[PDB]
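Taking it in order: structure first as structure tokens, then the write-up.
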Amino acid sequence: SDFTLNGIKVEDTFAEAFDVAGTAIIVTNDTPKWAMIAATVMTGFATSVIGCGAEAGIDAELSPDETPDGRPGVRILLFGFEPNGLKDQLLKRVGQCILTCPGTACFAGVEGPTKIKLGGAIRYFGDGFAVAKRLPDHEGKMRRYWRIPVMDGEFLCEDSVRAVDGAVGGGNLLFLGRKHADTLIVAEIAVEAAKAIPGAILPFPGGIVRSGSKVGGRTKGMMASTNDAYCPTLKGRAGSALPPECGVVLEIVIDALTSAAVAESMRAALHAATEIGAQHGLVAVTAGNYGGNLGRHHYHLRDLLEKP
Amino acid sequence: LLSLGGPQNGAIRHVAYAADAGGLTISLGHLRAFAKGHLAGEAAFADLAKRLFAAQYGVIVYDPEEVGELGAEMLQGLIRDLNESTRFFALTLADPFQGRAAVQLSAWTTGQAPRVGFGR
Amino acid sequence: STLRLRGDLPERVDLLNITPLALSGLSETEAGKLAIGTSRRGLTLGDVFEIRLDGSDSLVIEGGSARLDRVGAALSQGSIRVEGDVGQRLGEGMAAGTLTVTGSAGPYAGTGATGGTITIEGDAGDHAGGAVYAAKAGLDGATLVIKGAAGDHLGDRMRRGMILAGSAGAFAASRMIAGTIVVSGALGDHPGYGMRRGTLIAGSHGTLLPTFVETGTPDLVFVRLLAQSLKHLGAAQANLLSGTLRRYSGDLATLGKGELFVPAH
Ligand SMILES: [K+]
């Protein structure tokens with residue numbers, strides 16, 4: 001039953017992930033500095049879909065070659081429960097975090113089956129002065145963009161953005177370690193490994209979560225409560241799932257446009273953490289599950305053994 | 001019949017449980033922890049806790065003199081935890097020097113327990 | 001206002017409502033007739049002390065006996081200084097102010113104190129900071145400083161406030177509802193019996209209860225705040241929090257939300 005990876009104990013559990021609506025947008029600016037500013041203000045306040053509006057993250061920085069604009073850009077993902085709630089959140093965030101940022105321009109990030117109106121709705125801030133243009137892109141496909149007049153110039157925004165089907169969120173694996181300062185470093189180099197997978201992001205601050213989201217609760221209609229089992233202050237008593245050597249636990253949550261990306265992002269995090277884990281006191285690695293019946297996708301750590 | 005702190009070998013057949021080093025008061029607190037589910041299993045008092053909760057009419061007999069004020073409040077708390085599952089009670093032992101009647105009488109004459117002064 | 005103790009007390013004496021606010025209102029000759037004796041024969045303030053009165057919020061009792069019950073009780077203003085030893089219930093139900101005692105103190109000192117600071121430069125008696133008979137709580141918010149060593153049941157059924165002791169006896173922090181007790185030195189056997197919530201910090205400690213489990217050596221933000229709080233008040237126990245501490249969880253007989261900190265090694 002016990003599993004050992006790179007000399008560090010790994011529990012024989014699975015990560016319970018859920019099906020989610022996901023979409024991607026490419027935001028470009030004249031400089032990469034302001035491309036990042038625009039994305040950073042858009043991704044903020046988006047660590048969970050249940051409390052925050054959505055789950056947002058920056059997938060990758062784009063060079064002037066990887067972009068339809070020809071200007072340095074940013075590929076930024078957004079996830080939500082329902083395709084309507086996702087549309088509602090994208091409209092709010094693009095409208096007041098992208099449109100407001102100077103010199104920006106919004107394009108559709110990923111290809112998908114369902115359509116989401118973006119430029120066609122922000123066009124109404126133009127007060128009837130906005131115009132629409134249709135142009136074939138570098139691949140040969142006819143795309144429609146809106147031109148909203150603003151103080152700095154024109155905010156060009158593609159009419160529609162596509163939402164990919166089968167985007168998976170909630171894939172997580174948590175680390176148990178002796179000391180906060182050192183074990184944070186283990187998780188830090190763990191998120192750096194996971195970020196690299198295309199189409200996958202980590203919404204929480206720096207990718208790391210310190211509050212253990214537990215389903216249910218002790219009193220009345222608790223929807224979420226802290227995970228008393230993995231709390232170091234509640235050690236020694238029955239119901240604490242961590243050994244006496246452990247003193248700090250940190251969780252890593254991954255969302256991705258494709259299910260395979262969730263598994264590959266977890267695998268890379270699982271390996272990178274254990275390789276350096278012994279040096280910084282990493283005791284063990286487990287995954288968060290809810291019982292098996294809540295979430296469709298199960299990411300067993302036993303399948304993540306193969307090196308990347 | 002279970003016994004905490006009683007003699008190990010008696011004429012009457014009973015299941016005796018060894019008292020802790022600190023004393024009966026320390027054992028009483030130790031026992032309540034297993035009944036609350038706060039301490040790991042496979043201990044001596046863990047079996048005792050399992051046997052108590054599996055009850056129909058439970059009585060814990062004790063002498064408040066030898067157990068002490070703190071132990072009795074703990075003992076009375078252990079009963080409150082036990083009553084979440086089955087009916088449990090305490091058989092508080094009486095003193096042999098009419099002290100319990102003095103409490104009864106003083107309560108309805110003065111409005112308070114004994115050890116009362118009328119200087120004012 | 002100075003009360004010069006004439007001599008030794010023949011019976012127990014109750015100094016309740018003998019607060020400089022109350023003495024200032026009453027006339028100097030009228031205040032002498034105030035009876036404070038427990039017995040039927042009783043004793044008036046003039047029989048016990050040499051009353052020198054002035055319209056001030058400062059009171060100083062020159063000379064003290066262990067038969068001075070309820071000294072500083074229900075004090076809501078100003079200060080009372082006892083140059084000597086005192087009896088039970090130092091500042092029972094003290095609302096606010098400052099109450100300093102040169103000598104030692106009697107049992108149940110500090111009960112029900114809401115605000116202010118009670119300082120005992122000597123040693124505290126049994127049940128110091130603890131609840132009296134049938135009392136809902138012991139210390140209920142006023143901070144109690146004992147430069148000497150407290151007896152058994154320090155902070156018994158304490159609800160609020162802070163206790164700063166030099167040394168402590170057995171069953172310290174028993175039945176504690178909430179609060180913080182920092183004894184710089186020794187701590188008696190079986191500390192925190194029945195503890196529900198609260199923070200107990202000691203340099204030395206006796207035998208611990210089986211219902212106390214060790215959490216480890218965690219660097220907590222609260223510890224940093226409690227240290228700075230002790231530094232600002234000039235506490236000798238401030239140095240005890242400088243190093244890394246060992247933690248124990250509150251007694252599992254009640255809800256285990258209390259804690260105990262002892263230096264690592
Ligand atoms: K990335």
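We name chains A, B, ... following the order of the structure tokens; residues begin at 1 in each chain, and ligands are numbered from 1 as shown.
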Distance-based interface of chain B with chain A, 9 Å, counting only C-alpha atoms, as a ChimeraX atom specification: /B:37-41
Which residues of range 108-165 of chain C come within 10 Å of range 53-71 of chain C, and what is each one's closest atom pair and distance in Å (one decimal), counting only C-alpha atoms, sorted by chain and residue number, as a Markdown table?
| residue | atom | partner | partner_atom | distance |
| --- | --- | --- | --- | --- |
| C:108 | CA | C:70 | CA | 9.8 |
| C:109 | CA | C:70 | CA | 8.6 |
| C:110 | CA | C:70 | CA | 9.6 |
| C:111 | CA | C:70 | CA | 10.0 |
Keeping C-alpha atoms for every residue in the selection just given, could you write it to a file as an mmCIF file, in the first residue's frame?
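Saved as again.cif:
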data_model
loop_
_atom_site.group_PDB
_atom_site.id
_atom_site.type_symbol
_atom_site.label_atom_id
_atom_site.label_comp_id
_atom_site.auth_asym_id
_atom_site.auth_seq_id
_atom_site.Cartn_x
_atom_site.Cartn_y
_atom_site.Cartn_z
ATOM 1 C CA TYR C 108 -9.043 33.889 45.867
ATOM 2 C CA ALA C 109 -7.246 37.152 45.089
ATOM 3 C CA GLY C 110 -8.343 38.780 41.827
ATOM 4 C CA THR C 111 -11.730 37.041 41.489
#
Counting only C-alpha atoms, what are the residues of chain C within 12 Å of chain A, and for each of them which pair of atoms is the nearest and at what distance in Å, to one decimal? Sort the table by chain and rising number, as a Markdown table.
| residue | atom | partner | partner_atom | distance |
| --- | --- | --- | --- | --- |
| C:210 | CA | A:236 | CA | 11.5 |
| C:211 | CA | A:237 | CA | 9.5 |
| C:212 | CA | A:236 | CA | 8.8 |
| C:213 | CA | A:236 | CA | 5.6 |
| C:214 | CA | A:236 | CA | 6.8 |
| C:215 | CA | A:235 | CA | 5.6 |
| C:216 | CA | A:247 | CA | 7.0 |
| C:217 | CA | A:247 | CA | 8.1 |
| C:218 | CA | A:247 | CA | 7.2 |
| C:219 | CA | A:180 | CA | 8.7 |
| C:220 | CA | A:233 | CA | 10.2 |
| C:247 | CA | A:233 | CA | 9.0 |
| C:248 | CA | A:236 | CA | 9.2 |
| C:249 | CA | A:234 | CA | 7.7 |
| C:250 | CA | A:234 | CA | 10.1 |
| C:251 | CA | A:237 | CA | 10.6 |
| C:252 | CA | A:237 | CA | 8.3 |
| C:253 | CA | A:237 | CA | 11.7 |
| C:255 | CA | A:237 | CA | 11.3 |
| C:256 | CA | A:234 | CA | 8.8 |
| C:257 | CA | A:234 | CA | 8.8 |
| C:258 | CA | A:233 | CA | 10.6 |
| C:259 | CA | A:233 | CA | 9.6 |
| C:260 | CA | A:233 | CA | 12.0 |
Store the residues picked out above in a file with N, CA and C atoms, as a PDB file, in the first residue's frame.
ATOM      1  N   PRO C 210      -2.173  13.167  31.050  1.00  0.00           N
ATOM      2  CA  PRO C 210      -2.201  12.303  29.862  1.00  0.00           C
ATOM      3  C   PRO C 210      -3.072  12.849  28.751  1.00  0.00           C
ATOM      4  N   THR C 211      -3.996  13.753  29.066  1.00  0.00           N
ATOM      5  CA  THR C 211      -4.893  14.364  28.098  1.00  0.00           C
ATOM      6  C   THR C 211      -4.299  15.599  27.425  1.00  0.00           C
ATOM      7  N   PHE C 212      -3.015  15.876  27.635  1.00  0.00           N
ATOM      8  CA  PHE C 212      -2.302  16.944  26.944  1.00  0.00           C
ATOM      9  C   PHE C 212      -1.370  16.290  25.932  1.00  0.00           C
ATOM     10  N   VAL C 213      -1.518  16.663  24.665  1.00  0.00           N
ATOM     11  CA  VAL C 213      -0.739  16.096  23.572  1.00  0.00           C
ATOM     12  C   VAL C 213       0.128  17.199  22.983  1.00  0.00           C
ATOM     13  N   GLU C 214       1.338  16.845  22.549  1.00  0.00           N
ATOM     14  CA  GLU C 214       2.271  17.837  22.029  1.00  0.00           C
ATOM     15  C   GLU C 214       2.057  18.067  20.536  1.00  0.00           C
ATOM     16  N   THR C 215       1.968  19.343  20.159  1.00  0.00           N
ATOM     17  CA  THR C 215       1.818  19.768  18.774  1.00  0.00           C
ATOM     18  C   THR C 215       3.161  19.915  18.075  1.00  0.00           C
ATOM     19  N   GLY C 216       4.199  20.262  18.826  1.00  0.00           N
ATOM     20  CA  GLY C 216       5.507  20.476  18.251  1.00  0.00           C
ATOM     21  C   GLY C 216       6.074  21.828  18.628  1.00  0.00           C
ATOM     22  N   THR C 217       6.898  22.393  17.747  1.00  0.00           N
ATOM     23  CA  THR C 217       7.540  23.685  17.965  1.00  0.00           C
ATOM     24  C   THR C 217       7.103  24.616  16.838  1.00  0.00           C
ATOM     25  N   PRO C 218       5.893  25.180  16.934  1.00  0.00           N
ATOM     26  CA  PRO C 218       5.380  26.012  15.841  1.00  0.00           C
ATOM     27  C   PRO C 218       5.603  27.500  16.067  1.00  0.00           C
ATOM     28  N   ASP C 219       6.120  28.176  15.045  1.00  0.00           N
ATOM     29  CA  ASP C 219       6.330  29.620  15.089  1.00  0.00           C
ATOM     30  C   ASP C 219       5.013  30.291  14.729  1.00  0.00           C
ATOM     31  N   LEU C 220       4.307  30.780  15.744  1.00  0.00           N
ATOM     32  CA  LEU C 220       2.976  31.337  15.571  1.00  0.00           C
ATOM     33  C   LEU C 220       3.000  32.855  15.681  1.00  0.00           C
ATOM     34  N   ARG C 247       4.651  23.115  22.284  1.00  0.00           N
ATOM     35  CA  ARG C 247       3.213  23.310  22.447  1.00  0.00           C
ATOM     36  C   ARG C 247       2.514  22.014  22.857  1.00  0.00           C
ATOM     37  N   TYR C 248       1.465  22.160  23.668  1.00  0.00           N
ATOM     38  CA  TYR C 248       0.601  21.065  24.099  1.00  0.00           C
ATOM     39  C   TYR C 248      -0.858  21.496  23.972  1.00  0.00           C
ATOM     40  N   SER C 249      -1.707  20.580  23.500  1.00  0.00           N
ATOM     41  CA  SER C 249      -3.113  20.900  23.269  1.00  0.00           C
ATOM     42  C   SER C 249      -3.949  20.800  24.543  1.00  0.00           C
ATOM     43  N   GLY C 250      -5.004  21.620  24.599  1.00  0.00           N
ATOM     44  CA  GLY C 250      -5.822  21.709  25.800  1.00  0.00           C
ATOM     45  C   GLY C 250      -6.472  20.389  26.165  1.00  0.00           C
ATOM     46  N   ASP C 251      -6.779  20.251  27.457  1.00  0.00           N
ATOM     47  CA  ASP C 251      -7.198  18.965  28.017  1.00  0.00           C
ATOM     48  C   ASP C 251      -8.380  18.421  27.232  1.00  0.00           C
ATOM     49  N   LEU C 252      -8.266  17.159  26.831  1.00  0.00           N
ATOM     50  CA  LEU C 252      -9.236  16.512  25.966  1.00  0.00           C
ATOM     51  C   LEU C 252     -10.515  16.110  26.691  1.00  0.00           C
ATOM     52  N   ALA C 253     -10.562  16.230  28.019  1.00  0.00           N
ATOM     53  CA  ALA C 253     -11.802  15.963  28.744  1.00  0.00           C
ATOM     54  C   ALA C 253     -12.901  16.964  28.379  1.00  0.00           C
ATOM     55  N   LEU C 255     -13.664  20.462  25.634  1.00  0.00           N
ATOM     56  CA  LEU C 255     -13.258  20.799  24.275  1.00  0.00           C
ATOM     57  C   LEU C 255     -11.808  21.263  24.274  1.00  0.00           C
ATOM     58  N   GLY C 256     -10.977  20.574  23.500  1.00  0.00           N
ATOM     59  CA  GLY C 256      -9.542  20.785  23.542  1.00  0.00           C
ATOM     60  C   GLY C 256      -9.025  21.974  22.758  1.00  0.00           C
ATOM     61  N   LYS C 257      -9.416  23.178  23.166  1.00  0.00           N
ATOM     62  CA  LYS C 257      -9.003  24.401  22.496  1.00  0.00           C
ATOM     63  C   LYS C 257      -7.930  25.164  23.263  1.00  0.00           C
ATOM     64  N   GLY C 258      -7.587  24.734  24.476  1.00  0.00           N
ATOM     65  CA  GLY C 258      -6.529  25.376  25.226  1.00  0.00           C
ATOM     66  C   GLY C 258      -5.153  24.989  24.716  1.00  0.00           C
ATOM     67  N   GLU C 259      -4.127  25.510  25.390  1.00  0.00           N
ATOM     68  CA  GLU C 259      -2.761  25.218  24.977  1.00  0.00           C
ATOM     69  C   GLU C 259      -1.795  25.507  26.117  1.00  0.00           C
ATOM     70  N   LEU C 260      -0.594  24.941  25.993  1.00  0.00           N
ATOM     71  CA  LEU C 260       0.492  25.128  26.946  1.00  0.00           C
ATOM     72  C   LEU C 260       1.804  25.245  26.187  1.00  0.00           C
TER      73      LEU C 260
END
Within 9 Å of ligand 1: each chain A residue with its shortest pair, only C-alpha atoms and all ligand atoms, as CSV:
residue,atom,partner,partner_atom_place_in_ligand_line,distance
A:58,CA,ligand 1,1 (K),6.7
A:59,CA,ligand 1,1 (K),4.6
A:60,CA,ligand 1,1 (K),4.5
A:61,CA,ligand 1,1 (K),7.6
A:192,CA,ligand 1,1 (K),8.1
A:193,CA,ligand 1,1 (K),8.8
A:194,CA,ligand 1,1 (K),7.7
A:195,CA,ligand 1,1 (K),4.1
A:196,CA,ligand 1,1 (K),4.3
A:197,CA,ligand 1,1 (K),6.3
A:198,CA,ligand 1,1 (K),6.6
A:199,CA,ligand 1,1 (K),8.0
A:200,CA,ligand 1,1 (K),7.3
A:201,CA,ligand 1,1 (K),6.9
Counting only C-alpha atoms, chain B residues within 6 Å of chain C, as a count of residues only: 6
Who sits within 10 Å of residue 79 in chain B, only C-alpha atoms, same chain under 4 positions skipped, as a ChimeraX atom specification: /B:32,35,52,58-60,73-75,83-84,86-90
Contacts of residue 35 in chain A at 8 Å (only C-alpha atoms; same-chain gap of 6+ positions) as a list in words: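 So the residues in contact are residues 27, 28, 29, 72, 73, 74 and 104 of chain A.
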Range 1-217 of chain C: residues DSSP assigns to alpha helix (DSSP H), reported as a ChimeraX atom specification: /C:20-25,28-32,45-48
Would you put the residues from that selection into a file with N, CA and C atoms, as a PDB file, in the first residue's frame?
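Result file is part21.pdb:
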ATOM      1  N   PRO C  20     -11.081  55.130  47.157  1.00  0.00           N
ATOM      2  CA  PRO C  20     -10.892  56.584  47.306  1.00  0.00           C
ATOM      3  C   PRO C  20     -12.026  57.414  46.717  1.00  0.00           C
ATOM      4  N   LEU C  21     -12.755  56.889  45.729  1.00  0.00           N
ATOM      5  CA  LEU C  21     -13.929  57.592  45.216  1.00  0.00           C
ATOM      6  C   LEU C  21     -14.991  57.719  46.300  1.00  0.00           C
ATOM      7  N   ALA C  22     -15.258  56.613  47.001  1.00  0.00           N
ATOM      8  CA  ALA C  22     -16.225  56.622  48.089  1.00  0.00           C
ATOM      9  C   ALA C  22     -15.729  57.445  49.277  1.00  0.00           C
ATOM     10  N   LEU C  23     -14.449  57.308  49.661  1.00  0.00           N
ATOM     11  CA  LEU C  23     -13.949  58.067  50.816  1.00  0.00           C
ATOM     12  C   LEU C  23     -13.962  59.566  50.560  1.00  0.00           C
ATOM     13  N   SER C  24     -13.678  59.986  49.326  1.00  0.00           N
ATOM     14  CA  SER C  24     -13.657  61.416  49.036  1.00  0.00           C
ATOM     15  C   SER C  24     -15.023  62.050  49.279  1.00  0.00           C
ATOM     16  N   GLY C  25     -16.095  61.365  48.869  1.00  0.00           N
ATOM     17  CA  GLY C  25     -17.428  61.914  49.059  1.00  0.00           C
ATOM     18  C   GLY C  25     -17.780  62.090  50.525  1.00  0.00           C
ATOM     19  N   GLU C  28     -14.503  63.461  56.505  1.00  0.00           N
ATOM     20  CA  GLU C  28     -13.391  62.783  57.171  1.00  0.00           C
ATOM     21  C   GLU C  28     -13.804  62.218  58.524  1.00  0.00           C
ATOM     22  N   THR C  29     -14.572  62.980  59.299  1.00  0.00           N
ATOM     23  CA  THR C  29     -15.069  62.451  60.564  1.00  0.00           C
ATOM     24  C   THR C  29     -16.143  61.395  60.326  1.00  0.00           C
ATOM     25  N   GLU C  30     -16.995  61.602  59.314  1.00  0.00           N
ATOM     26  CA  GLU C  30     -18.056  60.642  59.023  1.00  0.00           C
ATOM     27  C   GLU C  30     -17.487  59.325  58.512  1.00  0.00           C
ATOM     28  N   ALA C  31     -16.404  59.384  57.730  1.00  0.00           N
ATOM     29  CA  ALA C  31     -15.811  58.170  57.177  1.00  0.00           C
ATOM     30  C   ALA C  31     -15.235  57.267  58.261  1.00  0.00           C
ATOM     31  N   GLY C  32     -14.789  57.842  59.377  1.00  0.00           N
ATOM     32  CA  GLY C  32     -14.252  57.032  60.460  1.00  0.00           C
ATOM     33  C   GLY C  32     -15.262  56.085  61.077  1.00  0.00           C
ATOM     34  N   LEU C  45     -13.740  51.988  60.749  1.00  0.00           N
ATOM     35  CA  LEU C  45     -12.511  52.440  60.105  1.00  0.00           C
ATOM     36  C   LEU C  45     -11.616  53.232  61.057  1.00  0.00           C
ATOM     37  N   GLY C  46     -12.208  53.993  61.981  1.00  0.00           N
ATOM     38  CA  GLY C  46     -11.403  54.726  62.941  1.00  0.00           C
ATOM     39  C   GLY C  46     -10.710  53.831  63.948  1.00  0.00           C
ATOM     40  N   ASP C  47     -11.338  52.708  64.306  1.00  0.00           N
ATOM     41  CA  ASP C  47     -10.723  51.767  65.238  1.00  0.00           C
ATOM     42  C   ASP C  47      -9.528  51.058  64.624  1.00  0.00           C
ATOM     43  N   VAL C  48      -9.549  50.842  63.315  1.00  0.00           N
ATOM     44  CA  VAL C  48      -8.487  50.090  62.664  1.00  0.00           C
ATOM     45  C   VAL C  48      -7.379  51.010  62.176  1.00  0.00           C
TER      46      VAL C  48
END
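Here CA of residue 170 in chain A is placed at a distance of 6.0 Å from CA of residue 254 in chain A.
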Wanna dump the range 59-107 of chain C-range 150-162 of chain C contacts at 10 Å for me, each residue with its shortest atom pair and the distance in Å to one decimal, counting only C-alpha atoms, ordered by chain and number, as JSON lines?
{"residue": "C:104", "atom": "CA", "partner": "C:150", "partner_atom": "CA", "distance": 9.8}
{"residue": "C:105", "atom": "CA", "partner": "C:150", "partner_atom": "CA", "distance": 9.4}
{"residue": "C:107", "atom": "CA", "partner": "C:151", "partner_atom": "CA", "distance": 8.6}
Would you write out those residues with C-alpha atoms, as a PDB file, in the first residue's frame?
ATOM      1  CA  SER C 104       1.768  38.776  50.148  1.00  0.00           C
ATOM      2  CA  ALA C 105      -1.899  38.160  49.357  1.00  0.00           C
ATOM      3  CA  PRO C 107      -6.560  33.176  48.661  1.00  0.00           C
TER       4      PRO C 107
END
Minimum-distance residue to residue 85 in chain B, chosen among B:110, B:25, B:104, B:56 (using only C-alpha atoms): B:56
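Ranking A:81, A:18, A:3, A:34 by their shortest atom-to-atom distance to residue 295 in chain A, with only C-alpha atoms included, puts A:18 first.
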Selected residue of minimal separation from residue 69 in chain B among C:134, C:230, C:13, C:18, counting only C-alpha atoms: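 Ranked by minimum distance to residue 69 in chain B, first place goes to C:134.
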Excluding residue 89 in chain A and any residue of its chain fewer than 2 positions from it, enumerate the residues within 9 Å of it, using only C-alpha atoms, and give them as an mmCIF file with C-alpha atoms, in the first residue's frame.
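Result saved to result22.cif:
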data_model
loop_
_atom_site.group_PDB
_atom_site.id
_atom_site.type_symbol
_atom_site.label_atom_id
_atom_site.label_comp_id
_atom_site.auth_asym_id
_atom_site.auth_seq_id
_atom_site.Cartn_x
_atom_site.Cartn_y
_atom_site.Cartn_z
ATOM 1 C CA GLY A 53 -16.516 34.873 -9.441
ATOM 2 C CA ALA A 54 -14.316 32.431 -11.355
ATOM 3 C CA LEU A 78 -10.643 31.578 -16.946
ATOM 4 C CA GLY A 80 -16.385 28.693 -14.255
ATOM 5 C CA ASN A 84 -23.471 31.311 -18.490
ATOM 6 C CA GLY A 85 -21.617 32.110 -15.279
ATOM 7 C CA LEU A 86 -18.357 31.915 -17.210
ATOM 8 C CA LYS A 87 -19.653 34.361 -19.827
ATOM 9 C CA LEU A 91 -17.631 40.095 -19.602
ATOM 10 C CA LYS A 92 -17.060 41.784 -16.234
ATOM 11 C CA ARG A 93 -13.292 41.165 -16.146
ATOM 12 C CA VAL A 94 -12.471 41.967 -19.755
#
